[PDB]
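Before any comments, here is the structure.
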Amino acid sequence: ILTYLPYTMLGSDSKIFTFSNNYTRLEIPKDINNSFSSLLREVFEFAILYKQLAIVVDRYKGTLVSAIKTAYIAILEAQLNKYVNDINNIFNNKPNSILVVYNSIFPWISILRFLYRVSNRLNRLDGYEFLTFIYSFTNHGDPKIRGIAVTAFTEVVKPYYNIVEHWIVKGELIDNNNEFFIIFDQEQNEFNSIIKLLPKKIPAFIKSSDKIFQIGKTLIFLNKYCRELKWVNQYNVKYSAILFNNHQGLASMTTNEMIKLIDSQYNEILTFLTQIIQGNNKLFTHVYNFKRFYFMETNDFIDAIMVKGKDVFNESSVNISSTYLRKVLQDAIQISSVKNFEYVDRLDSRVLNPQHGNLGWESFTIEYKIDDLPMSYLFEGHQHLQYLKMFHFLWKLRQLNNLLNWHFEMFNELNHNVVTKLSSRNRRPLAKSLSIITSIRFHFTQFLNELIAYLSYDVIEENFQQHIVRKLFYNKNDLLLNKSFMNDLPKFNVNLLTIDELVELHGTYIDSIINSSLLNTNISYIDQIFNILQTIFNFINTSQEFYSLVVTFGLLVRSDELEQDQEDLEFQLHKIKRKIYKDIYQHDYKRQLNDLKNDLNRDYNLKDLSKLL
Amino acid sequence: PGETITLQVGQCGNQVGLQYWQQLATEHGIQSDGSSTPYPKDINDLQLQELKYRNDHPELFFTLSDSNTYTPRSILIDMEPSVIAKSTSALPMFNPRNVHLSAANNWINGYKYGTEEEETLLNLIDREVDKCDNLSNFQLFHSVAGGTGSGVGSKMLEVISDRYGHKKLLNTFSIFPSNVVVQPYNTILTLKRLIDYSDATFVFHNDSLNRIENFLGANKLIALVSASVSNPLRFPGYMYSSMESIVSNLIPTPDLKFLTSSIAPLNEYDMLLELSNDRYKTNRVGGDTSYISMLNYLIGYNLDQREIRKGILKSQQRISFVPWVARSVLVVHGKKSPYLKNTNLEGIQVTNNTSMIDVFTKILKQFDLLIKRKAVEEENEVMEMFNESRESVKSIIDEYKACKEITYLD
Amino acid sequence: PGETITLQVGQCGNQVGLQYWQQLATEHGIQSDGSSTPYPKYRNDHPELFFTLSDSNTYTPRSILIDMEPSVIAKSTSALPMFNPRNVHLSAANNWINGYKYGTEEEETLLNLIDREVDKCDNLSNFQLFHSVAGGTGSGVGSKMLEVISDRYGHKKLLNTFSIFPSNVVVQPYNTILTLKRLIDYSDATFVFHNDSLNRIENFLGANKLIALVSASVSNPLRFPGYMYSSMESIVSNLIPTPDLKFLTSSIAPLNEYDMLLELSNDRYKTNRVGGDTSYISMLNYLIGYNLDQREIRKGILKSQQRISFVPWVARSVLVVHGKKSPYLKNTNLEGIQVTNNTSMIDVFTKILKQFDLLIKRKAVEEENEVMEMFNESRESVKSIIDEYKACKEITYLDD
Amino acid sequence: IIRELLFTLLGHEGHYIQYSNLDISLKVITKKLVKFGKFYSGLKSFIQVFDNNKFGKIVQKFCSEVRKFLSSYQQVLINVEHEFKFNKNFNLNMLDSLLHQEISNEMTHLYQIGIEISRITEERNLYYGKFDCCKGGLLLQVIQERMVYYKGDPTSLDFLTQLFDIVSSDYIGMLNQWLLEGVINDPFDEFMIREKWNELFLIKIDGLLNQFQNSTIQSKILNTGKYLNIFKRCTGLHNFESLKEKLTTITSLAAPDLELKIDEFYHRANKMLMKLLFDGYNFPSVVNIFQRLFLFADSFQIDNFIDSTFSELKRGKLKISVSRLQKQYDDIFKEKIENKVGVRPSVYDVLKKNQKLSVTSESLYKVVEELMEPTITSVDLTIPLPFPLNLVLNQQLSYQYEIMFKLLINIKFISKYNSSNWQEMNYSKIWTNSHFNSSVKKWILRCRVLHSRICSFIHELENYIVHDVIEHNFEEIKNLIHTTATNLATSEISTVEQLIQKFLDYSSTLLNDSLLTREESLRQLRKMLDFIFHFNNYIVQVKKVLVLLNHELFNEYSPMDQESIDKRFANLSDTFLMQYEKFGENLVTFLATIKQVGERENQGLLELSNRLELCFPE
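Protein chains in written order, with PDB author numbering: chain D, 150 to 627, 630 to 638, 647 to 679, 687 to 726, 733 to 785; chain B, 2 to 52, 71 to 121, 127 to 203, 209 to 243, 260 to 310, 319 to 428, 437 to 471; chain A, 2 to 41, 71 to 121, 127 to 203, 209 to 243, 260 to 310, 319 to 428, 437 to 472; chain C, 91 to 110, 132 to 235, 265 to 336, 354 to 530, 575 to 693, 737 to 802, 812 to 871.
Okay, structure coming up:
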């Protein structure tokens with residue numbers, strides 16, 4: 150009978166039409182014959198596809214799911230509510246045979262086959278494999294397939310774009326469903342382990358994919374680290390109003406309206422980011438002042454702490470570094486030219502690692518205290534431990550240079566006050582002896598003064614102009632365009656750039672100094695210099711026992733003898749093995765000319781250094 | 002970073018020292034009144050262009084007061100009061116208490137006047153030490169012959185040693201006379222005290238001075270070199286912060302303390326090769342003289358790295374070096390003063406060479422030629446000071462003659 | 002190329018140099034106040079070869095204005111107030132004898148004057164001399180002026196002259217034979233201009265502008281850059297094949321580029337006296353009136369190859385020089401200046417020999441016996457250049 | 091007898107005839144009836160397999176059209192069901208005429224077009269054919285096969301042109317977006333133009366129609382979108398829309414308006430690109446700068462470089478350093494300017510700080526030799586020419602435009618040596634003494650005349666090169682640039741494809757007329773310029789031989814007074830006579846080589862042969 154056919158289309162058991170729970174066919178024999186049931190098979194498939202799909206919306210009717218899939222269930226229920234509306238009027242009018250009901254439902258099998266194939270792919274890996282599955286059908290032929298694909302996509306993208314619009318006008322994240330690509334790593338160390346982009350979670354419908362990353366990240370940096378709670382409130386009240394009041398949401402916006410909005414919003418924040426790093430934070434003024442203290446660009450200050458601190462630095466690390474190093478730092482500021490310039494309160498000093506207790510000359514350092522100054526500015530440890538190691542290497546060179554010129558000032562008065570007035574006959578073995586010690590100082594003060602002159606101008610000063618000054622105030626490679636050709648955004652000479660590029664210009668500027676040519687079959691080049699500096703450290707330490715003997719040599723000739737001739741010959745014997753010991757450390761510096769020149773010629777970078785070091 | 006006291010003695014050092022202090026005034030912004038000029042911003046740091072706070076260090080040569088006046092720490096001493104009035108009235112910022120007034129045409133009259141008023145000269149120097157917080161360098165400006173600066177200037181360099189223990193660096197900045210009856214034996218008497226109570230000497234020939242610039262023009266040429274060696278001191282850079290760091294990098298032996306200077310007059322590649330020419334040296338050169346040490350100043354600001362390095366490598370082959378000295382040509386990249394114009398580029402080379410053989414033997418050849426031709438108990442002390450000065454200048458002559466041959470290794 | 006310095010000697014040279022520098026200032030748009038005019071930096075013309083660049087943007091020409099009398103100097107400074115007041119030098128000279136003594140005692144102060152003009156140029160390439168070959172103040176010190184600059188600089192700096200020969209005082213045959221000796225062994229290039237023939241071209261002020269037209273058109277590719285003839289050394293190297301016949305003449309054209325090359329070769333438009341049968345050695349044509357259609361120039365050169373007389377040992381070539389017009393001046397028409405050296409300079413030299421040999425036969437302390445020696449040495453100095461012109465014309469040149 | 095065949099045409103059983132008979136009566140009319148309904152399920156089986164995401168997008172729209180016919184098929188089965196139960200009393204006669212009048216006209220054509228796709232599925265200006273899965277190209281071309289096979293039927297072709305209209309409606313939408321805008325949006329490989354500026358737009362010759370086969374129309378559709386991307390890569394402007402509209406052709410891929418609208422989109426893609434090159438990047442300001450740097454329009458810059466580096470250019474490549482020659486070239490040509498952010502350098506001061514003067518080890522007389530089948578010879582220039590000016594003035598142009606620079610700087614160096622040798626052969630002190638013998642004075646006078654004819658050779662060869670060749674051919678290029686530029690400013737030559745051809749023709753004739761194309765022509769140009777250079781350096785070494793032939797000059801400049818003076822003068826006249834007969838040797842063959850190639854190929858080269866043959870015999 151024909152009236153039992155609408156009873157099966159809604160999934161109800163009659164006296165002869167029976168089925169099972171799931172995944173079974175409507176095997177109904179004995180109606181007329183196989184001639185009537187064979188055509189009845191393909192319309193029986195219309196009924197099993199309704200019941201198998203109705204149990205999917207029933208078991209997931211807004212429950213057991215907290216994701217984007219709860220909006221697709223509202224899509225699945227809307228077409229299912231329109232399906233049962235079509236069975237009612239097609240059976241309201243009286244049908245003659247079961248062929249006329251097959252004709253009106255035949256435009257609906259195209260819609261029903263698509264909803265089942267996407268519902269079968271549920272409770273599988275249901276992250277981005279479902280949102281991209283619907284978008285993979287939005288560009289297709291067969292407009293009944295394309296018609297159901299767009300109406301199932303425009304109302305499933307609204308929960309996804311709700312994460313995007315909060316990422317544009319507010320600068321936060323409301324994500325909980327293993328979704329939108331800006332994830333927060335739990336290791337909150339610096340502003341690099343925090344927000345990062347994964348390229349694999351980039352969808353095929355987001356056209357920008359890189360400006361929305363650099364709009365939400367700088368909004369967090371302009372809200373919590375550099376708070377400024379006046380511009381962000383004006384930014385949130387303006388652009389969220391023009392996104393909601395006239396375009397009713399971001400999903401209603403087309404592709405051209407999104408790129409026009411985001412690009413006009415991407416350069417709006419970077420104008421404000423480059424506003425407060427330069428006009429208020431003074432990034433370049435502090436990077437140049439970072440060089441005056443960590444890279445020894447003002448040698449008058451480093452010479453002052455080595456003169457006004459020659460008593461504290463001789464002791465061990467038992468110094469308090471609260472009233473001792475504060476006293477030495479503040480009086481040396483009055484000595485040198487640091488007492489007049491602006492940022493003198495930012496200058497502080499400390500002792501590094503007092504638990505070692507090696508010496509006081511080694512543990513000292515200088516610190517540029519960048520407190521506030523609302524900028525981090527990604528100047529974390531790996532940007533600072535290599536930035537304090539370079540100071541301590543440059544501290545070893547200025548230390549030896551301040552006890553080699555005092556060695557010149559100490560031996561000239563030793564010659565004058567003593568040696569020129571020694572009996573008029575013992576001067577000739579002594580004036581010959583002291584001319585070797587003053588001359589071996591000259592071989593040492595020329596090796597350091599050209600080693601610093603290579604580091605301070607070829608390595609330090611040339612990389613600062615190339616990496617810091619050129620990338621900030623000069624143009625890139627990078630153009631030529633007469634703008635008069637077609638139809647409150649202040650543009651300035653900073654070459655506007657983001658967070659990930661401000662850390663890289665300063666990160667490479669330190670990386671291109673500490674790792675450039677020689678600062679890292688043989689030992690390393692930095693280890694070869696430390697062996698030569700150890701000899702100069704040992705040459706001056708063995709020169710004071712020479713200086714303390716000659717002042718006693720003058721005391722023997724003033725007041726005068734058989735026992736005196738024994739005592740004089742033992743004292744001149746102290747001078748014989750001493751100048752021989754001075755020849756030992758001379759050939760070790762002559763050994764420096766052998767191994768360094770055999771290593772500098774292997775590189776084109778250090779070929780010029782092979783003739784002036 | 003101790004300050005530097007300058008001593009101007011003699012008729013030369015007063016007019017040369019006037020050009021030395023007028024050069025330091027315009028370089029540091031201070032005027033003849035003494036008031037300070039606001040410091041211009043250096044172009045090493047630019048601001049957000051829409052489209071007090073000093074980087075130099077003038078305290079080493081000037082003192083500070085409450086009303087921000089800068090007074091130079093110079094001591095003026097002469098016989099005639101006319102030469103002091105032309106120096107004080109030209110630059111009114113000189114301290115009038117440093118002015119001393121007494127003529128002497130001989131070294132004996134100059135050294136005897138240095139003995140009679142020891143107390144008023146030693147007290148005048150010690151008042152300037154009370155002004156500074158740290159003292160590390162004394163400076164002189166005296167004539168080797170001619171005026172009274174040879175006689176009483178020879179005594180003023182001796183009272184530094186007995187009072188302070190000779191721990192202060194003495195730079196003499198001597199001006200040797202041109203090619209006069211008093212001139213031969215005036216030179217040989219002050220040079221014995223010059224090589225005994227000093228630490229460094231920058232020689233300047235007057236007869237070779239007019240060859241460079243082609260008496261007021263001769264005074265401006267000495268002050269250009271004398272203020273150039275203090276350019277990394279006043280304007281702090283990476284190296285050469287103190288005067289002991291420059292000189293000890295230049296003088297290998299305490300008997301070798303004689304330095305020859307040269308002015309370069319463009320780019321900075323030809324500027325390094327122009328300084329190596331023998332015609333620009335203030336000291337006269339004869340044959341090919343081997344160089345011991347050299348320091349090239351580029352005090353006009355040079356943003357020309359990798360171009361200075363090519364000039365240093367080229368100036369190593371064209372200069373013959375002493376065998377026991379390593380071939381190292383050192384150059385300082387001095388910074389331009391922001392008060393002076395940035396258009397000009399200066400260049401100075403101070404160096405130690407063997408060219409002082411011809412200078413000292415020129416005096417010793419004329420020394421014995423006059424004392425044999427022309428020649437109360439005053440003749441005995443004069444004669445023994447001649448023979449003491451004769452054998453003492455020979456000691457640095459044979460030290461230079463033995464310097465060319467490979468020695469000082471036994 | 003190289004920068005250019007000129008020397009104006011004598012009363013006649015100062016009047017020519019007044020018109021020569023007013024025409025050079027007109028072509029580059031330089032006003033008569035030392036002020037520059039914007040182009041109608072970014073300049074294609076090069077006035078730096080003749081004028082000095084200063085910090086205050088004033089334009090001063092590189093000229094020396096030596097003269098005996100202060101009358102014409104006030105004419106040049108008032109009409110053209112941009113000359114350097116240190117370069118001009120002042121103190127009557129009617130003969131060569133009293134005029135040569137002015138330059139001998141003042142040689143040091145005048146040699147020091149021109150050393151101020153060498154260091155202002157980066158690379159100097161040539162000298163110039165505007166004077167009169169007959170005259171006391173011009174030929175007197177100017178003969179010493181070209182001698183002191185010949186041995187000091189020593190063959191590396193070229194020395195061109197633009198002299199004016201007498202057309203007709210009775211002392212004028214005395215000095216024209218003396219200075220013609222010094223113009224032969226000490227000058228590199230020499231231009232001949234006749235005061236009588238210049239009046240025929242226009243149909260003393262009218263003849264000055266015609267010399268200023270030729271003396272400024274010869275350096276038109278020197279200042280205004282082009283494809284060729286960028287330097288003066290490449291211009292004179294065509295016209296002078298051997299140094300013993302360096303005397304040069306010129307021609308002025310005043319409408320087609322084919323007809324302009326035919327009107328320049330006529331003997332009517334000449335600055336020098338032309339005899340009956342003259343044979344040319346080398347020719348240079350200056351088409352400075354913006355000739356662009358190079359189809360009529362090709363016919364004018366090919367017509368001038370087999371029409372004009374030629375010297376047998378030299379290669380007959382008619383070099384045409386395309387000159388760009390000055391943008392500051394208006395385009396009037398095509399301008400042509402033909403400079404060449406020919407055999408037509410015998411008739412004026414033997415005319416000077418005729419007035420000299422007739423005067424010695426007529427005879428019109438310690439100063440007499442020396443000037444007869446100087447009259448003798450200057451006679452076979454210019455008689456050897458006559459036999460040089462007579463030898464190159466015939467076949468007797470190409471043998472022993 | 092009728093109800094069982096009512097279900098058989100629906101692809102189902104009728105219990106007597108066949109699957110999804133032996134009682135054959137006079138029922139002849141049902142012999143063809145069950146054959147018509149047999150392949151009904153062939154359409155329905157075609158839908159379920161070819162509607163997948165693969166097999167291209169153009170078969171999906173066709174899969175919608177056959178399914179629309181499946182509903183129009185079942186629409187007439189209600190009428191025969193109404194014909195069955197009612198009292199018709201007309202059986203076995205009219206059943207054939209009803210179901211084939213409006214169905215069989217479309218049922219037959221829809222099956223042959225579907226069975227051919229399954230047949231070709233079992234088989235599986266530019267390049268990269270080898271199409272896969274017979275998606276878009278093979279389906280669209282067999283439809284046009286179906287129309288021409290049934291010519292002569294008005295009632296059959298009208299359905300095929302409507303089937304080709306709606307099926308190919310999706311293919312026009314990407315073709316209209318390529319020609320108008322330049323978007324190549326195609327998720328599959330379902331287009332002609334495949335984005336992979355030379356090997357990037359392969360045209361996929363496997364799947365074109367018969368209309369898109371002409372070699373002239375393949376470039377009209379390929380360069381329309383390529384020249385639009387250049388306007389889209391430079392100034393930005395994704396999806397221009399230019400405050401305007403366009404006709405936006407819609408009708409079909411079979412119309413007389415197809416060949417007209419493709420050319421209409423081709424003129425708009427060239428009008429907008431040429432407006433970017435001429436007005437935006439200042440292309441007239443580039444061709445006047447290439448004349449000032451390669452062909453010496455203003456030789457004041459290069460003449461100051463040659464005389465300053467005159468001693469460096471005479472020596473070989475081994476006795477000179479590369480850095481000394483390049484550095485002097487920068488101070489005289491370039492100008493160091495600061496790239497402060499805010500200023501905008503034009504095309505004049507960008508190409509002026511871009512050239513490089515390399516002296517790498519080849520020769521001028523072998524670069525031209527390898528093109529076809575001293576340091577002044579190997580000096581050259583190179584300009585990077587940034588985007589998008591590297592597209593029209595390509596590398597084929599600049600290689601034929603740099604060769605002229607090495608030739609123009611070689612003869613300007615010979616003209617510099619001869620102009621300097623004239624200075625020392627005429628007004629020196631060593632060369633011109635006063636009282637030496639007449640046997641030597643005849644040798645000096647014979648050396649000056651030979652050099653005065655050598656110097657006039659290069660001053661005549663240059664007057665043909667720099668004026669008759671370079672300047673004359675540039676007057677027609679410069680004329681058709683400014684009067685192109687006056688027409689472009691009005692609209693918001738007329739083709740970029742002919743602008744490259746017009747400049748390649750300019751550089752070729754400059755290379756052709758300047759004696760650098762033929763074998764015997766280059767063999768004499770190398771021999772002639774080398775002999776002049778071998779005579780120029782011969783002059784400077786006689787200056788030390790003339791000091792021993794005069795006794796007065798050697799006394800001032802310090812084997813004398815023997816027969817060796819006459820011996821070395823005899824050796825001087827021997828090596829001078831060998832160069833005089835050698836000058837006449839190569840010149841009469843150089844005059845013969847221009848007469849050979851000046852009559853058959855180049856009429857402009859004969860003008861030199863008319864001018865130079867009348868000079869030197871005279």
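Backbone N, C-alpha and C define an ideal beta-carbon position, used for all residues, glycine too.
Looking at the structure shown, is residue i part of a helix, part of a strand, or coil, going by DSSP?
i	result
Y753 of chain D	helix
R334 of chain C	strand
residue 694 of chain C	Between 693 and 737, chain C has no modelled residues, and residue 694 of chain C is one of the positions in that gap.
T90 of chain B	strand
Count the other CB atoms, across all protein chains shown, that sit within 10 Å of the CB of residue i; report buried if there are 16 or more and exposed otherwise.
i	result
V210 of chain B	exposed
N170 of chain D	exposed
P91 of chain B	buried
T367 of chain D	buried
Using a Cβ cut-off of 8 Å, pull out every chain D residue sitting near residue i, in sequence order please.
i	result
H395 of chain C	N405 and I408
Which same chain residues end up closer than 8 Å to residue i when comparing Cβ atoms and leaving out the 5 residues on each side of it in sequence?
i	result
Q201 of chain D	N171, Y172 and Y265
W380 of chain D	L371 and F421
Taking Cβ-Cβ distances shorter than 7 Å, what residues in chain D pair up with residue i?
i	result
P327 of chain C	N288
Starting from residue i, find everything on chain B with Cβ-Cβ shorter than 9 Å and list it in chain order.
i	result
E377 of chain D	Near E377 of chain D there are no residues of chain B at all, since even the closest Cβ is about 16 Å away, more than 9 Å.
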